[PDB]
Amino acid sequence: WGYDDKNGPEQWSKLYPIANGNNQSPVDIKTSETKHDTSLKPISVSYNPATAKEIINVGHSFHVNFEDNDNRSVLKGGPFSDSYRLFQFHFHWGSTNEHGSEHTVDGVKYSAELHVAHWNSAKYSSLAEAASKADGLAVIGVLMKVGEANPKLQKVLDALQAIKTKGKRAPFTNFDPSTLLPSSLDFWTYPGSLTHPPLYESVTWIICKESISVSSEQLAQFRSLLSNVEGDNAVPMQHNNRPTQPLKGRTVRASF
């Protein structure tokens, strides 16, 4: 699977029939159809920068992984009773500034999207166990709007020259990704899925109402990553965003 014409989102259903499921992500958030929910607590993130481990080129994207052996780095509050343990963050982007986000708001496409992903360590003992469970994953999505350079992205962008080609990985330490989140954590939540294979319907989404910035040139740094292995013909990672999927009667709730 990938994002090419032949292996791309429109074709994922042949290998992963859940792609046509009732809880697929991302979605278009229509603000006229959201339900304000008075029981939603504020989101609480508490991340320890010592849990930052490694950055990896996974061919379609890059991942920044965290040590997830204990509760040093946790998400709480919002719609959750359980504590969720941070394991990774990554981005999605598009071939031009016009699109690149996965979630849209009232049909508006942003230039990129940050996913901060967590697993339910109250109910499950590993990511592997949690990743297929309806209540297994909690993911913060942050819409990235093209504009001013975002200096919080700096350590991340500076690391990419060490993982230019598929499979390269390097230590990535002493970093607290709550520094990438917007000032307001007002949010939408809905029950959904991973946005690429295996597309498990295991994600409670937390979509920030406030965007964060990214420059045209910062997005070019993402797009200059290579999907090919070292020594092969360079194939830039031009995009990795999935189109929005049908709500199929799910309700998007607002904290605000």
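The numbering used is simple: start at 1 and walk along the sequence shown.
The PDB entry records a higher mean C-alpha B factor for 77-85 than for its counterpart among 77-85 and 170-178. The deposited model assigns a higher average Cα B-factor to 37-45 than to the other stretch when 187-195 and 37-45 are compared. Highest C-alpha temperature factor among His118, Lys123, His103, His90 per the entry: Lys123. Taking the deposited Cα B-factors for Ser216, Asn69, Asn65, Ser213, the highest one is held by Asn69. Sort the chain's modelled residues by C-alpha temperature factor and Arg242 lands in the lowest third, per the entry. Among all modelled residues in this chain, the alpha-carbon of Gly141 has a temperature factor (C-alpha) in the lowest third. Remark: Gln24 belongs to the middle third of its chain, ranked by C-alpha B-factor as recorded. In the PDB entry, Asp158 places in the middle third of its chain by CA B-factor.
In this PDB entry, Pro151 carries a Cα temperature factor that places it within the highest third of its chain's modelled residues.
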